[PDB]
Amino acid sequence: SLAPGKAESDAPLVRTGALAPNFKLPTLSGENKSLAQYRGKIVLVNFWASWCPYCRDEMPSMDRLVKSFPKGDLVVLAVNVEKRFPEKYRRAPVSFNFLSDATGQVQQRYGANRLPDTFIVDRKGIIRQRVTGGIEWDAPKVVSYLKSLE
């Protein structure tokens, strides 16, 4: 058993209370969307995979949440982490902006190594909370929390 020595991090930073890491990724239509283009709105940056049951399970509550807010006031950037985007989700009647992260870079920069992983970004771009795992996104406490950001 050998003792460790001094080391330095080789990861960029992602911090609650600080401005979110910028990113720009391809949509389903091959248009690009960025986090920064949504400044002024509340954004859920969600990392997910079709094979993960907890990712699939949380989608209905997130859809109800988004559709219950005034149009465009809450934005979901649903970043799929799979090598190929799951074709079936292209025709899902949900109010999410589906993105693909083919290089893996955005997922890595967010340190999103467990799925689903959702970062709640406020109107000014601050990560106000990380929610790891599937939750009930339309629960009263959650809706209240989001409203407390406007």
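All residue numbers are counted from 1 along the displayed sequence.
31-39 and 48-56 differ in mean CA B-factor, and the higher of the two is recorded for 31-39.
Higher mean CA temperature factor, per the PDB entry, when comparing 125-133 with 20-28: 20-28. In this entry, the residue among 67, 83, 109, 114 with the greatest C-alpha B factor is 83. For residue 2, the recorded CA temperature factor ranks within the highest third of the chain's modelled residues. Residue 96: CA B factor lies in the middle third for its chain, per the PDB record. Sort the chain's modelled residues by C-alpha temperature factor and residue 76 lands in the lowest third, per the entry. When the modelled residues of the chain are ordered by C-alpha B-factor, residue 146 sits in the middle third.
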